[PDB]
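Every read-out reported here was derived from the displayed coordinates using simple, explicitly stated rules and does not represent laboratory data. Every residue, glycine as well, gets a Cβ built from its backbone with ideal geometry; the counts of neighbours run over all protein chains shown.
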Amino acid sequence: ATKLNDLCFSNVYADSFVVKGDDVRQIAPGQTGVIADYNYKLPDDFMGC
Amino acid sequence: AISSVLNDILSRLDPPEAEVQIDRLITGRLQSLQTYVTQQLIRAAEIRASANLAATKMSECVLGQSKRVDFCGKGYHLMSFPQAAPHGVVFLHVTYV
Amino acid sequence: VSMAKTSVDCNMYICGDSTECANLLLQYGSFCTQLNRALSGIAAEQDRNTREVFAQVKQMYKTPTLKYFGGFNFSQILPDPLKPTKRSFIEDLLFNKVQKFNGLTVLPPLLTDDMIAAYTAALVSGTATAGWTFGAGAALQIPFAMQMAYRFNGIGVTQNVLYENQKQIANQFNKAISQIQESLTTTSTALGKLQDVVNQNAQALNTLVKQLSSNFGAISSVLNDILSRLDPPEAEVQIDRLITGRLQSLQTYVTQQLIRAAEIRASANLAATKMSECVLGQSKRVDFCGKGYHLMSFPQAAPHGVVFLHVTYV
Amino acid sequence: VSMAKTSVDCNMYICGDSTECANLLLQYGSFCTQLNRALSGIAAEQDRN
Amino acid sequence: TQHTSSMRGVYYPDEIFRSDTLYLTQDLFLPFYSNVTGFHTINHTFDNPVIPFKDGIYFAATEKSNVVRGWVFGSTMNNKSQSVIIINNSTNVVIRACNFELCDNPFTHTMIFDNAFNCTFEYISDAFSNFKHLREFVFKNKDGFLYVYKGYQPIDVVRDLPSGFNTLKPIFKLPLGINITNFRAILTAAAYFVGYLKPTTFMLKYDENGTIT
Amino acid sequence: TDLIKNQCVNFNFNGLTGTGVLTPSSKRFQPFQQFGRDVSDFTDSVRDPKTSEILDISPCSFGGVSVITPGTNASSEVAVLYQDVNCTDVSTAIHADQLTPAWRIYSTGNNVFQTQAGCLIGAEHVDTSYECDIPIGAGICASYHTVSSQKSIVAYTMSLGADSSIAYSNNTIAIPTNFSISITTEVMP
Amino acid sequence: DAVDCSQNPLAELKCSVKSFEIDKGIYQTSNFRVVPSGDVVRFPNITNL
Ligand SMILES: *[C@@H]1O[C@H](CO)[C@@H](O[C@@H]2O[C@H](CO)[C@@H](O[C@@H]3O[C@H](CO[C@H]4O[C@H](CO)[C@@H](O)[C@H](O)[C@@H]4O)[C@@H](O)[C@H](O[C@H]4O[C@H](CO)[C@@H](O)[C@H](O)[C@@H]4O)[C@@H]3O)[C@H](O)[C@H]2NC(C)=O)[C@H](O)[C@H]1NC(C)=O
Ligand SMILES: *[C@@H]1O[C@H](CO)[C@@H](O[C@@H]2O[C@H](CO)[C@@H](O[C@@H]3O[C@H](CO)[C@@H](O)[C@H](O)[C@@H]3O)[C@H](O)[C@H]2NC(C)=O)[C@H](O)[C@H]1NC(C)=O
Ligand SMILES: *[C@@H]1O[C@H](CO)[C@@H](O[C@@H]2O[C@H](CO)[C@@H](O[C@@H]3O[C@H](CO)[C@@H](O)[C@H](O)[C@@H]3O)[C@H](O)[C@H]2NC(C)=O)[C@H](O)[C@H]1NC(C)=O
Ligand SMILES: *[C@@H]1O[C@H](CO)[C@@H](O[C@@H]2O[C@H](CO)[C@@H](O[C@@H]3O[C@H](CO)[C@@H](O)[C@H](O)[C@@H]3O)[C@H](O)[C@H]2NC(C)=O)[C@H](O)[C@H]1NC(C)=O
Ligand SMILES: *[C@@H]1O[C@H](CO)[C@@H](O[C@@H]2O[C@H](CO)[C@@H](O[C@@H]3O[C@H](CO)[C@@H](O)[C@H](O)[C@@H]3O)[C@H](O)[C@H]2NC(C)=O)[C@H](O)[C@H]1NC(C)=O
Ligand SMILES: *[C@@H]1O[C@H](CO)[C@@H](O[C@@H]2O[C@H](CO)[C@@H](O[C@@H]3O[C@H](CO)[C@@H](O)[C@H](O)[C@@H]3O)[C@H](O)[C@H]2NC(C)=O)[C@H](O)[C@H]1NC(C)=O
Ligand SMILES: *[C@@H]1O[C@H](CO)[C@@H](O[C@@H]2O[C@H](CO)[C@@H](O[C@@H]3O[C@H](CO)[C@@H](O)[C@H](O)[C@@H]3O)[C@H](O)[C@H]2NC(C)=O)[C@H](O)[C@H]1NC(C)=O
Ligand SMILES: *[C@@H]1O[C@H](CO)[C@@H](O[C@@H]2O[C@H](CO)[C@@H](O[C@@H]3O[C@H](CO)[C@@H](O)[C@H](O)[C@@H]3O)[C@H](O)[C@H]2NC(C)=O)[C@H](O)[C@H]1NC(C)=O
Ligand SMILES: *[C@@H]1O[C@H](CO)[C@@H](O[C@@H]2O[C@H](CO)[C@@H](O[C@@H]3O[C@H](CO)[C@@H](O)[C@H](O)[C@@H]3O)[C@H](O)[C@H]2NC(C)=O)[C@H](O)[C@H]1NC(C)=O
Ligand SMILES: *[C@@H]1O[C@H](CO)[C@@H](O[C@@H]2O[C@H](CO)[C@@H](O[C@@H]3O[C@H](CO)[C@@H](O)[C@H](O)[C@@H]3O)[C@H](O)[C@H]2NC(C)=O)[C@H](O)[C@H]1NC(C)=O
Ligand SMILES: *[C@@H]1O[C@H](CO)[C@@H](O[C@@H]2O[C@H](CO)[C@@H](O)[C@H](O)[C@H]2NC(C)=O)[C@H](O)[C@H]1NC(C)=O
Ligand SMILES: *[C@@H]1O[C@H](CO)[C@@H](O)[C@H](O)[C@H]1NC(C)=O
Ligand SMILES: *[C@@H]1O[C@H](CO)[C@@H](O)[C@H](O)[C@H]1NC(C)=O
Ligand SMILES: *[C@@H]1O[C@H](CO)[C@@H](O)[C@H](O)[C@H]1NC(C)=O
Ligand SMILES: *[C@@H]1O[C@H](CO)[C@@H](O)[C@H](O)[C@H]1NC(C)=O
């Protein structure tokens, strides 16, 4: 995160939503659960933040 | 590793974690060097065998007359001449048939 | 003058029908390709090693109608057409004493035993009647006794000695052959050198297979027992660890095969020289074509090797 | 026409005075043993030479 | 009395079929020529002490009158904790794991325990109805299970345990989940023997039939 | 499900999974054995949990595949060799496409000939012999020749050399009455 | 230009040697295998619920 200031990008995208606290942990690659499987899925790759 | 390019790890990735990525990449590459040099030693040994033979032939086919059959040519050895060649030696074997 | 033309399926060996494994193998680049070429190179050399030794004559000759030459028997050296086989008696004796989920196999040689036997037969026939130009140019028919007379001259024995003692010499020759037959028939040390090469080959392959069961610090040596109970994160970590181990086992094997191949090449090169100097002519150098003053010699076919019978004056 | 008959105890070399090391070494099976034999087989020919 | 184990105490270590092969492994086997302890039931003297288990033992008995009926395996050997009683009940084989109030000297009547509480395991087999018979057993603890092997051969010995070789076959794998550190023999002349198993490396020779010879 | 035999299937027994070919066997299993292994640590056979039948597991055919070609500057043609495979299975799995890799444009014609080396498809077999150009194995070589004005890849038995013969006598001899001088070459790195 | 490495055996060799020109001879370009058909699943008889 520190080094984001040293990088250039062709674009920046941002996704936004509200979830239950316990479900926040599902917003990551390699996860399973109600959110991870049926609401919001991430690819097997890095995520900005 | 994240990337084959060292700079694309070291530059952007957090310096702690980066050591893990770098260490892995280093190990990977070191293995190819060990493989490469091993094969080169083996190849070199084969060349020695060839060079040793060439030296023998020079002495016995050019600087003298060999009697051992088929060493300096199929026929009955009379003469030979060496020629320069790109990383090798070319012989002209003159024989009686 | 050869070793088994082995071959290894890199993917089968490393990744036992595992997709995840394969993906984690591709990440290592040309690993499998490099191994494949190395083994292929060896197999190619194994072929040359045989051809360079046996194919010394451009013409194939027919077995002589009669094998009896000036009292010299020869019957156990040449093939006997009465039998369905194409080998000599001695050769038959020599040849009597020497898929899988591991992805390992062996390829056949270009020249089969029958083809090799044919070459040896031609060389013996040549030796017996073609004279001194057999391997130099057109064959020149010569009476056997006259050929021997020449050989004795080369030893440093006055020509007449052979003729005067021809009967005794032919008898001793024939006897010596019979003696060898008995020695070969009833021994177990004979082509120990050839058996040694075979044994070592087997050990290398056995070792390689055994390594598939190696754990390498992993949860399990079996990929299926990694995937079946682990989330993808750890599963990949475990697979990668297992792959690393197996990758090393292959490079180790090939390295040893390359070294081994080099030694076989050296042997094959010498065999070619000996045939040229001891069979196609009369070598004068000491202690090269037997343990006496060289007269002549005969080649015989053998399972992955060459057997020479060296006839010497003592 | 010869070289020194090198011989090394592969157990002591790797896990000298360590049980825990040996316990982990065992996970590599007979590697240690095979390697030892391979070396001996070389020393054997020095006598022949 | 101390005796020699000879080459006895060998058993099939796993349910894996093999054929015509030499298999090298390591397990709790009875060491060859180990020190075997003999026990006797003669006239007024009956050996029925509590013997340490040491994670696995070897047992054998020479019979002509079926004096030996079973064993009790456990820790405290009383109704304070769990123990398992394994007996030939004369019509059925009966195995029970409970907090048993055991007889201090157990033996037309079954005198093994007065009470049983907190039973966790019960099993009853199908029904049935010089020394002559040698019975052999191996008892091992693994992952809460009591592994039991059995064998048998005809004999003609008076006091000793004849030298020989015999591979035993598995019979029970009891999911007892109990602590076995000690055991006692259950008796009705006769004799029996106890040895101890060790994590020893053995080379086993499998014949064409897949049996160990 | 029912057992599917004598073909490659995906199997799942209660404790053993994988792929391969299931066939009946006579292995002498004991009353306390479920499955067995080969000399090497691979599953040999399994006893069925339902019918108590014993079936062996064979590997699905696999191997190396090589191509035989002339130069691309001469023509565009190729014969394909499948190492150590019975041509009956090769053909079957082409019609019943079960092969990996499969080609987008490919078929199997009458040019099918099996050698010890493996199954060779695309070459024309002949009953004659020639100098071995491209070695295959077991006395078989490939070459590119005109076959009654179109050239093609052919499979043939290699010749061992020229066919000749000389007479033997106890009273005659051959002696050269002429000679020539020739020059040959040799190269070494 | 381009080579479709799946079109035919010739393409595979061209791709393998990274060249649009091949001189002569016999080359191993890949392995091969047969693809399995259906599934076979087997279990014990009794189900104790
Ligand atoms: C070059 O040197 C070789 C080696 O010495 C000679 O070859 C031998 O030639 C003889 C000639 O026949 C072979 O003779 C053998 O005789 C055995 C005895 O049985 C016969 O003789 C007794 C004598 O009283 C009679 O009672 C009996 O009825 C027979 O007449 C046979 O048993 C041998 O048979 C062999 O071949 C058959 C073929 O199927 C086999 O089944 C037998 O087991 C056995 O192998 C044979 O007949 C002798 O065997 C030859 N030896 C070899 C090694 O071949 C050459 O003749 C000599 N060349 C010249 C020109 O002299
Ligand atoms: C020089 O050495 C040779 C052989 O090394 C000697 O020839 C051998 O001479 C003995 C008798 O002196 C022969 O033995 C006889 O053979 C006949 C054959 O039927 C037999 O009937 C007799 O009872 C006896 O066994 C022997 O066979 C012979 N060797 C050969 C191959 O013929 C030679 O005599 C030696 N020179 C001198 C001067 O002694
Ligand atoms: C295992 O079971 C035995 C049963 O024999 C238990 O031993 C018994 O424990 C009781 C209680 O301390 C002892 O005293 C008895 O108390 C009752 C109370 O009314 C009284 O009526 C009896 O006369 C007696 O006093 C009893 O003597 C004792 N039995 C013996 C033989 O000593 C034992 O404690 C149990 N073990 C565990 C771990 O529970
Ligand atoms: C020694 O073994 C005998 C025979 O198993 C035991 O006697 C038997 O005890 C059972 C009760 O546990 C009696 O009832 C049986 O119950 C089963 C329950 O499903 C039922 O299927 C049977 O038909 C029967 O009702 C059984 O009748 C009885 N048999 C006899 C001959 O007495 C005996 O208790 C055992 N002794 C010890 C100390 O365990
Ligand atoms: C272990 O493998 C051996 C193989 O030697 C099996 O023993 C053999 O079993 C056969 C069948 O009962 C025995 O009888 C034979 O029958 C044939 C029928 O034509 C007959 O020609 C033979 O002369 C013989 O009568 C054979 O004697 C027997 N061999 C021995 C040494 O006992 C054995 O049954 C296998 N064990 C198990 C558990 O299957
Ligand atoms: C699991 O339960 C099934 C019950 O269907 C058992 O399968 C059945 O086994 C019998 C004996 O092999 C099969 O053959 C039958 O034999 C009788 C003999 O008289 C015959 O009358 C029938 O027409 C038939 O041939 C029967 O087909 C078979 N049933 C099925 C659906 O396969 C199975 O053996 C049990 N497994 C175990 C381990 O007991
Ligand atoms: C390629 O596969 C085919 C088909 O399996 C093989 O042809 C078959 O070869 C067998 C000999 O092994 C032929 O004889 C059979 O022998 C068994 C032995 O018990 C017998 O039970 C059968 O009734 C039969 O006699 C079989 O007839 C033959 N099939 C055909 C259709 O001819 C072929 O040999 C295989 N090629 C290679 C190189 O292995
Ligand atoms: C030295 O003498 C030998 C023996 O005569 C010559 O070899 C033989 O030469 C004839 C004629 O060139 C070869 O052909 C034969 O022709 C007759 C004519 O009717 C025919 O019936 C035969 O079937 C055969 O075709 C004969 O094959 C040949 N034999 C061999 C073993 O080569 C030899 O050429 C003479 N050498 C010199 C330098 O004159
Ligand atoms: C070279 O070896 C051949 C082997 O066939 C010799 O030819 C044969 O020579 C004999 C003697 O001149 C010929 O006559 C035979 O004499 C015996 C005497 O008992 C008689 O029993 C035979 O029936 C026959 O008459 C024989 O026909 C002849 N064979 C042939 C096929 O021509 C030849 O003489 C030897 N040459 C030299 C220089 O030794
Ligand atoms: C060994 O064979 C060679 C074959 O070339 C012989 O050499 C050749 O001998 C002829 C006659 O002496 C040479 O002259 C030729 O004469 C004819 C007559 O019309 C003429 O048309 C030709 O153009 C030529 O002049 C011929 O040039 C010569 N070959 C060469 C390359 O010079 C040789 O003599 C034979 N050796 C023995 C010892 O017989
Ligand atoms: C029957 O066995 C159970 C355990 O298998 C006993 O319950 C345990 O008793 C000990 C006594 O200190 C407690 O510490 C454990 O926590 C208890 N476990 C449970 C799950 O409650 C039970 O008391 C035994 N009953 C008898 C009569 O002995
Ligand atoms: C019986 O026990 C005593 C105890 O010391 C021992 O000395 C004696 O030898 C034992 N009997 C036999 C036959 O060993
Ligand atoms: C085994 O028993 C004999 C009996 O006399 C004894 O002397 C020996 O020391 C015992 N061995 C061990 C290790 O106790
Ligand atoms: C069995 O009892 C002994 C007695 O001290 C104890 O140390 C041991 O841990 C017990 N084992 C189990 C599994 O409870
Ligand atoms: C190779 O290409 C050249 C290009 O003109 C052609 O002439 C030559 O004949 C080709 N070689 C073969 C074997 O066709």
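How large is log10 of I(q)/I(0) for the range C:241-313 at q = 0.15, 0.26 Å⁻¹ when the intensity is taken from the Debye formula with one equal scatterer per alpha-carbon?
The Cα Debye sum returns log10 ratios of -0.61, -1.10.
Taking amide hydrogens as modeled 1.01 Å from N in the peptide plane, which residues meet the under 5 Å criterion relative to G:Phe43, leaving out close sequence neighbours?
When sequence neighbours closer than 5 places are left aside, there are no close amide H contacts.
So if the hydrodynamic radius of the range F:32-189 is defined as the Kirkwood radius over C-alpha pairs, what does Stokes-Einstein give as its diffusion coefficient at 4 °C and 1.567 mPa s, in µm² per second?
D = 62 µm²/s.
Semi-axes of the equivalent ellipsoid of chain A: what are they in whole Å, largest first, if each equals the square root of 5 times a C-alpha gyration tensor eigenvalue?
Over the Cα atoms of chain A, the ellipsoid semi-axes are 24, 12, 11 Å.
Which value, in debye to the nearest 20, describes the size of the charge dipole of chain D about its Cα centre when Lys and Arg Cβ atoms bear +1, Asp and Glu Cβ atoms bear -1, and nothing else is charged?
Dipole about the Cα centre, nearest 20: 200 debye.
Using the Karplus curve 6.51 cos²θ - 1.76 cosθ + 1.60 with θ = phi - 60°, work out ³J(HN,Hα) for each residue of the range F:100-113 in order, rounded to whole Hz, and write x for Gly and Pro.
10, x, 10, 9, 4, 10, 7, 8, 10, x, 7, 7, 10, 9
When every alpha-carbon pair in chain E is counted, what percent end up more than 26 Å apart?
Across chain E, Cα pairs with separations above 26 Å total 35 percent.
Under a 5 Å amide H to amide H cut-off, with H placed in plane at 1.01 Å, what residues pair with E:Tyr152 once short-range neighbours are removed?
Placed amide hydrogens put E:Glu136 under 5 Å from E:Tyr152.
Tabulate in residue order the Karplus-calculated ³J(HN,Hα) for the range F:68-81, using 6.51 cos²θ - 1.76 cosθ + 1.60 with θ = phi - 60°, rounded to whole Hz; enter x for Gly and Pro.
Along the range F:68-81, the couplings run 10, 9, x, x, 6, 8, 9, 6, 10, 7, 7, 10, 10, 10 Hz.
Note down the relative contact order for chain A as a percent, whole number, built from C-alpha pairs under 8 angstrom at least six residues apart.
27 percent
How high is the relative contact order of chain B? Use alpha-carbon pairs under 8 Å, at least six apart in sequence, and give a whole percent.
Averaging sequence separation for qualifying contacts and normalising by length gives 15 percent for chain B.
Treating the angle as unsigned and between 0 and 90°, give the value, to the nearest 10°, between the Cα long axis of helix B:15-57 and the longest Cα principal axis of chain B.
0 degrees
Quick one: pull the percentage of alpha-carbon pairs in the range C:138-215 with a separation above 16 Å.
Looking at the range C:138-215, the distances longer than 16 Å represent 72 percent of pairs.
Measure of size requested: the Rg and Dmax of chain C, with Cα atoms as the atom set and Å as the unit; please supply both.
Spelled out, the Cα radius of gyration and Dmax of chain C are 26.4, 93 Å.
For the pairs C:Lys100/C:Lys210; E:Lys140/F:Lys27; C:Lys100/G:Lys14, note any where the Cα-Cα span goes beyond 25 Å.
E:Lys140/F:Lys27; C:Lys100/G:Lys14
Translational diffusion coefficient, Stokes-Einstein: compute it for the protein assembly as shown using the Kirkwood radius over C-alpha pairs as Rh, at 37 °C and 0.692 mPa s, and state it as an integer in µm² s⁻¹.
Answer from the Stokes-Einstein relation: 92 µm²/s.
Could you tell me what a quarter of the Cα convex hull surface of the range E:117-213 works out to, in nm² with one decimal place?
9.7 nm²
Write down the Å³ per residue value for the convex hull defined by the alpha carbon atoms of the range E:1-108.
182 Å³
Hey, got the average number of other protein chain Cβ atoms within 10 angstrom for residues in E:87-94?
0
Can you tell me the Rg and Dmax of the range C:84-207, counting just the alpha carbons, in angstroms?
That works out to 20.7, 69 Å for Rg and Dmax.
Give the average, rounded to an integer, of partner chain Cβ atoms located within 10 angstrom of each Cβ in B:30-41.
Averaged over the peptide's residues, the number is 2.
From zero outward in steps of 10 Å, how is the percent of C-alpha pairs of chain G spread across the bins?
18, 31, 15, 11, 10, 10, 5, 0
Quick one: of the DSSP bridges fully inside the protein assembly as shown, what percent are antiparallel, nearest 5?
That works out to approximately 90 percent antiparallel.
Given the convex hull over the Cα atoms of the range F:99-153, what projected area results after averaging over all orientations, in nm²?
5.1 nm²
What value does the range E:135-189 have for Rg/Rh, both radii from Cα atoms and Rh as Kirkwood defines it?
Answer for the range E:135-189: 1.04.
Plugging the Kirkwood radius over Cα pairs into Stokes-Einstein for the range C:240-279, at a temperature of 20 °C and a viscosity of 1.002 mPa s, what D comes out in µm²/s?
Stokes-Einstein gives a translational diffusion coefficient of 173 µm²/s.
Can you give the average number of partner chain beta-carbon atoms within 10 Å of each beta-carbon in peptide F:137-143, as a whole number?
4
Quick one: grab Rg to one decimal and Dmax as a whole number for the range C:27-128, Cα atoms only, in Å.
19.8, 73
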